[PDB]
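**Q** Handing you a structure now.
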Amino acid sequence: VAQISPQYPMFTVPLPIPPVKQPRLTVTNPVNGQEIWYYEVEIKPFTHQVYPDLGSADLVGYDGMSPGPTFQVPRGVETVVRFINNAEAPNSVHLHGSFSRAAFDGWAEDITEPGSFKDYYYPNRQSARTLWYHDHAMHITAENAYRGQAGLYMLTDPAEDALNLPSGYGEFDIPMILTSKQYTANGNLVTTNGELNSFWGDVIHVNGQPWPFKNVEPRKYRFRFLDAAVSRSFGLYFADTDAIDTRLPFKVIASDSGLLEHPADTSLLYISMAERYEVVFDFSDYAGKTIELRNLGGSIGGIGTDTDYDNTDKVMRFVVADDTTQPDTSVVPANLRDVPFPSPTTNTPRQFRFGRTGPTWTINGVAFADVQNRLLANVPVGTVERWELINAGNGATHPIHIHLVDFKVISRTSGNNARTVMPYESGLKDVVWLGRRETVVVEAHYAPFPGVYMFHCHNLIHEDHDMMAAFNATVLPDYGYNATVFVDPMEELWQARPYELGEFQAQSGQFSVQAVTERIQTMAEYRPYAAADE
Ligand SMILES: *[C@@H]1O[C@H](CO)[C@@H](O[C@@H]2O[C@H](CO)[C@@H](O[C@@H]3O[C@H](CO)[C@@H](O)[C@H](O)[C@@H]3O)[C@H](O)[C@H]2NC(C)=O)[C@H](O)[C@H]1NC(C)=O
Ligand SMILES: *[C@@H]1O[C@H](CO)[C@@H](O[C@@H]2O[C@H](CO)[C@@H](O[C@@H]3O[C@H](CO)[C@@H](O)[C@H](O)[C@@H]3O)[C@H](O)[C@H]2NC(C)=O)[C@H](O)[C@H]1NC(C)=O
Ligand SMILES: [Cu+2]
Ligand SMILES: [Cu+2]
Ligand SMILES: [Cu+2]
Ligand SMILES: [Cu+2]
Ligand SMILES: [K+]
Ligand code: NA
């Protein structure tokens, strides 16, 4: 249907690459003698000139940019991030893909008010993967994410680096953060506020830029796809502009939780909100050609319900040079890793129905606001469970996300006989797309940390109104590991604290080296991640 947003100069602006975020300090952990990397991120308003001949757009971002800066963290290095609210509305930061403790996970009620900060303590122990950090504040997640609060967080491993995949952040390893928004006649954003169905957007962005281009050499690139959109799901394919409907082969090498067992040879990649897939595309057969990254129409080929607009079939263009300036020393091995699948279970699956209760998006008829009814499962730590995730309806779709865990996709059924499990769903995931009339069974090890955690649809409009619930990963009273201060996301020890902007700017008072060192060393003495030690 007709584009609503003003006409944009398609494929004229280079793909931006978010800068790498550097830590301010390293603090010695008195428990293990190891360095903890400490970072400061300032959430603040800013403007950006999106449309060259109109006015600017009003954004609110991590470090006053969108996307937020990219984290690059080696496995085995703990991190503390001080997220400072210098904005207009509350925030709650979630590191999506991290088995963080409950009070460091972005629980939707665990908010930071403007004029406060919160210290988040992250483990960085899981398999190498593409994580992302984003806002999660109750009922305002869609607008906070839409206006800029999302960024990438790469967890690295020298063992994965030994596979010799295309490498170098911004060189041959390229972030591909997808969003879908709508602009006013004078080039500002159309707010998501008021939307209760879905906010599709008619302008496709990569790394915050509408319909960009990038100059590439005729060789292999690693692309890290993230769907950070409010409500748009995608069916991605590549085509030569000389044959714009002919899909070009590529390889999927990783899903939400890390590498697949083997690369999946693919010409069409379904990707829904909060999913990450890493692709290697080989431009060597396309020297001197322009390759367009495109998006399926027909509501993602009948899997979705999304509205399609005049230019939502287009993502970006790659302009391929005639030769390389350096040899392509990269490869995609046929064997990537032994995926650490959970033990199979015989426990009858738990059922969760994603639908509506009057106008509200619900789980088993419950809204997250309903404190009394929203705790839908008690799961003893160490248990494996199958969850049967049911979309009975034809009128919407739901990418379901479970915090804490990685899971195996066991099965997909479709009431439209449309598809089953996709080859790139063969590994470990933390989001799974329930297309029209789809039921998916997932299998997860509820481990290794006890606490109250969220699960929800990741369509941010559904999520806010109000399709989210909780589970409790439970332990007995003789379980140790300081569990009594780590199970409750609202535990007073880990709450947000007020700050004065002068002290932040001067790096004085509670931002002094001495004050930060004492705070982080005190936090480290509680040993939040010890139950994951190997
Ligand atoms: C989620 O699960 C955790 C358990 O993994 C629940 O925490 C446990 O709650 C019980 C009952 O409140 C606590 O036992 C109580 O201890 C107090 C203090 O000694 C005592 O006065 C009571 O008679 C009772 O024995 C237990 O200590 C606590 N465990 C931990 C590790 O903190 C938690 O309540 C569940 N959360 C929700 C929201 O249901
Ligand atoms: C659970 O969390 C508590 C509280 O953070 C941990 O207890 C703390 O353990 C630290 C060691 O990191 C104790 O510090 C000690 O200070 C004394 C001097 O006062 C010094 O001689 C020792 O060498 C050490 O530095 C700290 O006092 C202690 N605090 C309390 C209130 O007990 C505890 O280890 C954690 N337990 C687990 C199972 O994680
Ligand atoms: Cu998320
Ligand atoms: Cu998450
Ligand atoms: Cu949904
Ligand atoms: Cu969540
Ligand atoms: K140090
Ligand atoms: Na595979």
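Using Swiss-Prot numbers, chain A covers 39-572, in order.
Method reported for this entry: X-ray crystallography, 1.6 Å.
Note that Cβ sites are derived from N, Cα and C of the backbone, with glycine treated the same way.
Pulled from Swiss-Prot, these are the listed features:
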type: BINDING; residues: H132, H439; note: Cu cation 1 binding site
type: BINDING; residues: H134, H172, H496; note: Cu cation 2 binding site
type: BINDING; residues: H174, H441, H494; note: Cu cation 3 binding site
type: DOMAIN; residues: 98-194; note: domain 'Plastocyanin-like 1'
type: CARBOHYD; residues: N510; note: N-linked glycosylation site
type: CARBOHYD; residues: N520; note: N-linked glycosylation site
**Q** How does the domain 'Plastocyanin-like 1' (98-194) divide up by DSSP, counting helix, then strand, then coil residues?
**A** 9 helix, 42 strand, 46 coil
**Q** Within 10 Å of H174 (Cu cation 3 binding site), Cα to Cα, which of the recorded positions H132, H439, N510, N520 are there?
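**A** Those near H174 (Cu cation 3 binding site) - Cα within 10 Å - are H132, in sequence order.
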**Q** Looking only at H439, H441, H496, the binding-site residues on record, which one has the least crowded Cβ, with the fewest other Cβ atoms within 10 Å?
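**A** It is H439 that, of the binding-site residues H439, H441, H496, has the fewest other Cβ atoms within 10 Å.
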**Q** Among the recorded positions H172, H496, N510, whose Cα is within 10 A of the Cα of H132 (Cu cation 1 binding site)?
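**A** Neighbours among recorded positions, in sequence order: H172.
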**Q** At a 10 A cut-off on CB-CB distances, which of the glycosylation sites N510, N520 has the highest count?
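**A** Compared across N510, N520, the most Cβ atoms within 10 Å surround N510.
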**Q** Ten-angstrom check, please: count other Cβ atoms within 10 Å of the Cβ of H132 (Cu cation 1 binding site), all chains counted.
**A** 26
**Q** Near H494 (Cu cation 3 binding site), how many other Cβ atoms are within 10 Å of its Cβ?
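**A** For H494 (Cu cation 3 binding site), the count of other Cβ atoms within 10 Å is 28.
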**Q** Out of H439, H496, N520, which recorded positions lie by ligand 2, with a C-beta less than 6 Å from some atom of it?
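**A** Listed by sequence, the hits are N520.
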**Q** Looking at the binding-site residues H134, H174, which one has the fewest other Cβ atoms within 10 Å of its own Cβ?
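**A** Looking at the binding-site residues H134, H174, the Cβ with the fewest others within 10 Å is that of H134.
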**Q** Suppose we screen the recorded positions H439, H494, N520 by Cβ distance to ligand 1 with a cut-off under 6 Å; which survive, in sequence order?
**A** none
**Q** Starting from the Cα of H496 (Cu cation 2 binding site), work out which of the recorded positions (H439, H441, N520) are within 10 Å.
**A** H439
